[PDB]
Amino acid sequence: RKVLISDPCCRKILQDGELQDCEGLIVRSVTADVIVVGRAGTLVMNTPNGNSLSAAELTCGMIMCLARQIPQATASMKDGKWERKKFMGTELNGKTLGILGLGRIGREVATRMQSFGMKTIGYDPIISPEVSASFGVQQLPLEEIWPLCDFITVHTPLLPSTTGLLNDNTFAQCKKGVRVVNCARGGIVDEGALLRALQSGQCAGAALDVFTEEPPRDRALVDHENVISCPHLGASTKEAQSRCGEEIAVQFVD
């Protein structure tokens, strides 16, 4: 009947069809005291499909950034330095990417980096191999995945079974100087574990959009030279927020 958009595509679709006199509420980025509700992002309702490509484009970005150290080369140049040897990087062609959770973003990531000649292996408890083989991902168990990977990237939801999906046990099986990406949720990579991997050279780089705490209190990872980061930007494009603004409003009419 009456809905507030706490936080222009949404207002229009909803009208076409201070929360004291409100039936519904909409947001993007709701405490127990505050309590149909809708989130523009990934009876409560959200827009699962809206941020899929935009989160998937960031990941490919993180991957190439980790391969050629672009954000650490930029900061070097901006400090007036010309540091050639330091930033000797890695070629993606013929490397093996490991992808955890092959939902909406996993396959978008996988196909894209296939274009760069990356061999894409993967693992997912629900998505079948018949489905993964259709977008060039050979599914194997996690124990056959670790020692093959030059890069590993995570596109699973945050559950107990994924909370610490990459820990010390997993790093111990990976190739020396594995590179790692988390553009999904804070906690799927154990932050405790990723520092130790970084500190011993076991992990060669890391690209984080997400932290168990946001903003992260402990700065051990952010400040580490071989760690590049963003302030949870996976879903920060004009394209994505347009599509999430609609997907939510279309449902509210339904």
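Note that residue numbering begins at 1 and tracks the sequence as displayed.
According to the entry, the stretch of the deposited sequence that connects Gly17 to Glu18 contains 10 or more residues lacking coordinates, which leaves a long gap in the model. The entry shows an unbroken chain from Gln199 to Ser200, with no unmodelled residues of the deposited sequence in between.
The PDB entry reports B-factors from which the mean C-alpha value can be compared for 240-248 and 226-234; the larger average falls on 240-248. Relative to its counterpart among 64-72 and 210-218, 210-218 has the higher mean temperature factor, C-alpha atoms as listed in the PDB entry. The maximum CA B-factor among the listed residues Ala56, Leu195, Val189, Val37, taken from the PDB record, is found at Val37. Sorting the modelled residues of the chain by their CA temperature factor places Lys176 in the middle third.
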